[PDB]
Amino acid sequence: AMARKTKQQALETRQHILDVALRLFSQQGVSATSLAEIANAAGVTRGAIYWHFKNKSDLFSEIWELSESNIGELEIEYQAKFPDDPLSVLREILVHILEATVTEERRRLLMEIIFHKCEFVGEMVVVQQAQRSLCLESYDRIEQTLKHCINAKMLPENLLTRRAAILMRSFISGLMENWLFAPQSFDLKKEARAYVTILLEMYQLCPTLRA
């Protein structure tokens, strides 16, 4: 009784539920997938999954937010790696995001679901509203990064940083979305470094990016 409860409630069980959910959501869509289905696929009881999670929206939010937190961790890492070169920090973070969309199961499936396997309606509206706020936060953080680069003299002093930040997110999200939609249409893993290099060349060179 209590031994079995402890195992049901464990972090490793939780992780497995989340990974199995990603797989089921990517195959059949969020709308058609129930918590009970996820539990059966994860080899846990219905009681266990409903202890772990209030609903499938909250489950999905958790994955999405853990991914966002992994990105933050890598930034802290790359900063300590290239403390004299913020533009390389930014380059490597962006190339890692793009390549991981192809190569890492968790990121690939999460992004596939965000873009192609989840309607932002019903209980998912609360997930969209939260991620909307995180988008805005992201733009401010991206502006900050660009300003770090300007202060290091590595980007134009008159860069339009908000325009630049909007373009960062759209350029990178578009590449991810288009590739996931049609993964044989181009080789995102191979071309990722070129594409990020082109983005950073844009900031350095395109006159409509300057005041």
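Just count from 1 along the sequence shown to find any residue number.
- If you average the C-alpha B-factors over 72 to 80 and over 89 to 97, the higher value belongs to 72 to 80.
- Note on 174 to 182 vs 61 to 69: mean CA B-factor is higher in 61 to 69.
- Ranking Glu137, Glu105, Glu119, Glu112 by the C-alpha B-factor listed in the PDB entry places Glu137 at the top.
- The PDB entry assigns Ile198 a C-alpha temperature factor belonging to the lowest third of its chain's modelled residues.
- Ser26: CA B factor in the middle third of modelled residues in this chain (values from the PDB entry).
- When all modelled residues of the chain are sorted by CA temperature factor, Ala164 is found within the lowest third.
- When the modelled residues of the chain are ordered by their C-alpha B factor, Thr45 lands in the lowest third.
- In the PDB entry, a CA B factor belonging to the lowest third of its chain's modelled residues is recorded for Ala39.
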